[PDB]
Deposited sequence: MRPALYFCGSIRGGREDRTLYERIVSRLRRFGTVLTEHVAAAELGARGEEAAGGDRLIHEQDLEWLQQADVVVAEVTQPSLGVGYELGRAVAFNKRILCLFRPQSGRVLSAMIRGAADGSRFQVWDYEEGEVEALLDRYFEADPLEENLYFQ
């Protein structure tokens, strides 16, 4: 299973450790795939190749959202991970895009992410 993890740039520095925890945990279930035109074409290739797309959606990000819309149009299996303790309110578009099976949105607290990722792929 090629697994695509997408996280924000701001979230890649603020939630840096958390993203690394997600990526290493994902590596137990499959192969983790992860100018501007180059960056774009490459992520798009990875999205099309992915068996599952995993997004951390706590940090509002244009790129992560864009990649989720591209993923939804490719009919990809998607898991979004959102942290309510942050105080943010997840965009109604992302939660509203959930269908509970192919597109799921899980609210979690940072300390249980390994257990939720095991639950998802087990």
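Absence of C-alpha coordinates is noted for several segments of the deposited sequence, namely 1-2, 37-53, 142-152.
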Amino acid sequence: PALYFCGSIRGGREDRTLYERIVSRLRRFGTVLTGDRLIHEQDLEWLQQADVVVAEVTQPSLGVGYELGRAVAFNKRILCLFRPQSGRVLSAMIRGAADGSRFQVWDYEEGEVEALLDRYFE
From here on, numbers count along this sequence of modelled residues.
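When 36-44 is weighed against 74-82, 36-44 comes out higher, by mean CA B-factor as recorded in the entry.
Between 95-103 and 9-17, the higher mean Cα B-factor belongs to 9-17. Of the candidates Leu26, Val64, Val53, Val89, the one whose C-alpha carries the top B factor in the deposited record is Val89.
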